[PDB]
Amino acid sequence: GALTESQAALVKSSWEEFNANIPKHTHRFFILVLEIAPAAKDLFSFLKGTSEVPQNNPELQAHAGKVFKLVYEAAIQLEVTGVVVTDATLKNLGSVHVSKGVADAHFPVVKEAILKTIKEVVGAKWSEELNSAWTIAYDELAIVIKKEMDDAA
């Protein structure tokens, strides 16, 4: 699909819609994760020793917000520039995943959890053109982090 001026316009628009409700979209996102893979729970400090996914845990919200922002920034960068740029942050990201016991096969878990989360976020405006656009942007960003984990291990 490439990332036409028209496709980028579509991701920006849909991320603005996501940020618009962090405590919801982020707790949803963690539930979609634990649905696709239950075992994932022991990983998260703020999920350990608990039984259910905490709903007002600042640690949890701050965490999940950061995740989506990063995927959107990635899509704009693709339309303007044609690429996703690797910086200090993406590199430190790779380190912390590894400390915490996260692997590659965990990534389609968090992807589907994000496509499903955005399909839920944009509702009837959903188009093939839009699905195509977030898919392109995640894929392109995951490619970059997975790269940095391998390097932190």
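All residue numbers refer to positions in the sequence shown, first residue = 1. We call the rigid core whatever largest set of C-alpha positions still superposes within 1.5 Å between the two forms.
- After superposing on the rigid core, the larger RMS C-alpha deviation in 9 other deposited structures of this protein belongs to 46-54, the other candidate being whichever of 62-70 and 46-54 remains.
- Remark: stretch with higher mean C-alpha B factor among 108-116 and 94-102 is 94-102.
- Looking at 27-35 and 85-93 together, the entry lists the larger mean B-factor for 85-93, computed on C-alpha atoms.
- When the C-alpha B factors of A9, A142, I136, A20 are read from the deposited coordinates, the top value falls at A20.
- In the deposited entry, the Cα temperature factor of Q61 places it in the lowest third of its chain's modelled residues.
- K69: CA B factor in the lowest third of modelled residues in this chain (values from the PDB entry).
- Among all modelled residues in this chain, the alpha-carbon of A40 has a temperature factor (C-alpha) in the middle third.
- The entry lists a Cα temperature factor for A124 that places it in the highest third of the chain's modelled residues.
- Sort the chain's modelled residues by C-alpha temperature factor and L78 lands in the middle third, per the entry.
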